[PDB]
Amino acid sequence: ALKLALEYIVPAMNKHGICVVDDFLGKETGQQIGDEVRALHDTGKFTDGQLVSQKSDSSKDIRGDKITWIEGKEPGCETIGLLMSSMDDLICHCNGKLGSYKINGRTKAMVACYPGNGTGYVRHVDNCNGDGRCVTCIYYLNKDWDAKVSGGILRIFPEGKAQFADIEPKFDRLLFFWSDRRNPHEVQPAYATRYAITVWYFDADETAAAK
């Protein structure tokens, strides 16, 4: 906790606004999370990803993933709940050290699946309008992901610089990045089932101001 956050995540986020942490929970835990996610999927509960400003009943061409929201307390999602407790633990031991954000909230966990067949997510910013979301956290579940065959790279375009950051959706990888217009990003077309769990953390002041 304190170790990894204060000594790795905090510096990387303040300097670059993007932090990758590999082997976050380990193969055993990662694999159990994978099983719980795929179970949720096989129920058929997943629905089409929604946009903040939705205009058409179908919007696959904007984001083509199917998702489901998990609180972490659902009977049967105990290992996802553990993932969430780990994330929350880190984030709370970050307060006061992540730029100037005072994190005091989060969304539910978004379990998302791009079902191959070229689906993806066009370039966008998570928090456009100051809705409080300050840190985006994504946990990836994809073993032996070969982007050269399956695609589904997450390409982030750090605002101000032509350079970009390509992130493979690798198994047991934990990604942090600023949710606002600093980090516009896209999921490039995927040609294999692409699983990930996302949590958005809210900034106290910005969230209160937004409401």
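Sequential numbering from 1, following the sequence displayed.
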{"query": "Mean C-alpha temperature factor, higher of 196-204 and 21-29", "finding": "21-29"}
{"query": "Given 93-101 and 78-86, the range whose Cα B-factors average higher in the PDB entry", "finding": "93-101"}
{"query": "Top Cα B factor in the deposited entry, candidates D180, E159, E36, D61", "finding": "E159"}
{"query": "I9 CA temperature factor, ranked by third within the chain", "finding": "highest"}
{"query": "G49, C-alpha B-factor rank within chain (lowest, middle or highest third)", "finding": "middle"}
{"query": "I153 - which third its CA temperature factor falls in, relative to the rest of the chain", "finding": "middle"}
{"query": "Record-listed C-alpha B factor of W69: chain third", "finding": "lowest"}
{"query": "Modelled-residue ranking by C-alpha temperature factor, third containing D144", "finding": "highest"}
